[PDB]
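1. Build me a model:
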Amino acid sequence: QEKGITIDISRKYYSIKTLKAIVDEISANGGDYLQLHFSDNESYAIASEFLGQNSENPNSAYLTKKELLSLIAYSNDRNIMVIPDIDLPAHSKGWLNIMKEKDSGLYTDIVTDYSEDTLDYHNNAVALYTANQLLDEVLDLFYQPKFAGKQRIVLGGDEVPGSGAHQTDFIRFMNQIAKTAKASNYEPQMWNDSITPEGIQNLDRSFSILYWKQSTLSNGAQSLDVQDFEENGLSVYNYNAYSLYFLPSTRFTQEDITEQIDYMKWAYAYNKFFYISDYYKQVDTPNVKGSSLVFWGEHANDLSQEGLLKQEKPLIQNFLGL
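-> Numbering: from 1, shown residues only. This is the structure:
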């Protein structure tokens with residue numbers, strides 16, 4: 001049973017010092033991985049040659065290449081694998097908006113008709129070609145020889161518009177970017193929520209699944225659960241959107257953080273998943289491989305770096321102990 005911490009840096013800048021401090025806590029407590037969620041609607045938060053984010057000076061928009069590589073090395077030195085999390089096709093407004101500036105011709109050819117935040121996953125060649133360039137860069141940057149044959153990448157797949165009604169396009173798109181990952185010897189991962197019973201039969205079985213919340217179909221019916229992923233030979237990680245999602249904010253006191261700990265102490269188990277009918281449903285299938293606490297950044301706008309650590313370090317310690 002692996003344990004990970006997931007940090008959203010797309011929504012919130014963490015300095016290299018803060019991130020190494022977090023890695024220290026992970027290390028001190030026996031964690032296995034740090035998932036770095038760096039591409040979302042608000043920003044693409046690491047250096048990128050493809051996107052023109054080439055500054056080698058620290059800044060407040062993105063980690064430099066040297067900072068990032070340093071973070072990965074620091075983690076690997078403590079036997080902690082770093083998992084890139086780049087979100088496709090949706091949650092893409094950060095990098096798409098860069099493409100709109102950098103090459104507006106190409107932008108028109110890759111963006112969905114009605115969602116500025118979504119790449120055209122509808123059988124669009126130029127869109128896949130563009131995404132693959134960006135993925136190639138990521139898979140290279142995140143290369144970790146100390147974990148060859150164990151590397152994973154999160155490719156997104158959450159909250160994808162049109163996916164219920166165009167599931168065939170969606171699954172074909174995810175399978176295509178999974179090939180890219182697999183060609184570099186990475187295991188591809190995606191969130192659970194946009195895969196429907198119609199789509200699962202066709203999803204590449206190399207995928208493992210980050211299970212945050214059981215979906216409801218358009219029509220009202222309950223969608224895939226962990227047992228359904230089991231039946232399709234798909235491994236699952238518990239990312240329970242109640243017990244394992246936390247949003248740091250200056251609106252919290254330390255006593256509020258203790259109540260969060262107290263809550264997580266009874267709500268969290270590695271195999272208690274967020275089902276429609278039961279928020280902390282214990283599932284005992286053999287395809288559960290671990291769990292992650294996730295720190296989303298939407299509410300962290302003017303938290304100081306110290307304040308980030310004040311909230312996060314206690315929650316990391318507790319989670320990695322339970």
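2. Do I have it right that residue 191 meets residue 215?
-> No. Using Cβ atoms under 8 Å, residue 191 is not in contact with residue 215, being 10.0 Å away. All C-beta spots, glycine's among them, are computed from the backbone N, C-alpha and C.
3. how close does residue 109 sit to residue 86?
-> 20 Å (Cβ to Cβ, to the nearest Å).
4. Neighbour count: those two, which is higher?
-> residue 86 (27 against 16; other Cβ atoms under 10 Å).
5. Just give the number of residues close to residue 287.
-> 18.
6. contacting residues for it?
-> By Cβ atoms under 8 Å, 6 or more residues apart in numbering, residue 287 lies in contact with 226, 229, 230, 233, 234, 235, 236.
7. In contact with the fourth one, which residues?
-> The neighbours of residue 233, taking Cβ under 8 Å, 6+ apart as the test, are 205, 287.
8. So it, which state does it fall into?
-> Put simply, residue 233 is coil when judged by DSSP: H, G, I helix; E, B strand; the rest coil.
9. Phi, psi for it please.
-> phi 80, psi 30 (degrees, to the nearest 10).
10. likewise the fifth one?
-> Taking degrees, to the nearest 10, you get phi -110, psi 130 for the backbone angles of residue 234.
11. go on, the last one?
-> Here the main-chain torsion angles of residue 236 (degrees, to the nearest 10) amount to phi -140, psi 140.
12. pretty sure it is touching residue 211, no?
-> Yes. Contact criterion Cβ under 8 Å: residue 236 and residue 211 qualify, at 5.0 Å.
13. Show me whatever sits in contact with both of the two.
-> Residues touching both residue 236 and residue 211 by Cβ under 8 Å, 6+ apart: 192, 226, 229.
14. those helices in this protein, which residues are they?
-> Taking DSSP state H as the test, the helices found in the chain are 16-28, 65-77, 93-102, 104-110, 125-141, 167-183, 197-200, 226-231, 254-267, 305-321.
15. So which elements touch the first one?
-> Yep, that's helix 16-28 we're talking about. Helix 16-28 is packed against strand 2-8, strand 33-39, helix 65-77, helix 305-321, with contacts defined by 3 or more Cβ pairs under 8 Å, 6 or more residues apart in numbering; DSSP states H and E.
16. who are the neighbours in contact with the nearest residue to residue 49 once chain neighbours are set aside?
-> In space, and not counting its chain neighbours, residue 49 is closest to residue 137: 6.4 Å by Cβ to Cβ, 6 or more residues apart in numbering. When contacts are counted by Cβ under 8 Å, 6+ apart, residue 137 touches 48, 49, 50.
17. Could you tell me how far the second one is located from residue 234?
-> By that I understand residue 49. 34 Å.
18. now the residue nearest the centre of the chain, which residues is it bridged with?
-> Nearest residue to the geometric centre of the chain (Cα atoms, centre = their mean): residue 85, 4.3 Å. Legend: beta-bridge partners of residue 85 under DSSP bridges are residue 37, residue 154.
19. That one is in contact with residue 157, isn't it?
-> No. Residue 85 lies out of contact with residue 157 (Cβ under 8 Å); the separation is 11.0 Å.
20. one step back: of the shared contacts of residue 236 and residue 211 - the most surrounded one?
-> Of the shared contacts of residue 236 and residue 211, with other Cβ under 10 Å as the count, residue 192 tops at 26 neighbours.
21. which one is it nearest to, not counting chain neighbours?
-> Excluding its sequence neighbours, the residue lying closest to residue 192 (Cβ to Cβ, 6+ apart) is residue 211, at 4.6 Å.
22. how close does the residue sitting furthest away from the middle of the chain get to residue 92?
-> Of all residues in the chain, residue 105 has its C-alpha farthest from the mean position, at 29.2 Å, by Cα atoms, centre = their mean. To residue 92, residue 105 is 18 Å away according to Cβ to Cβ.
23. Fine, thanks again, bye for now.
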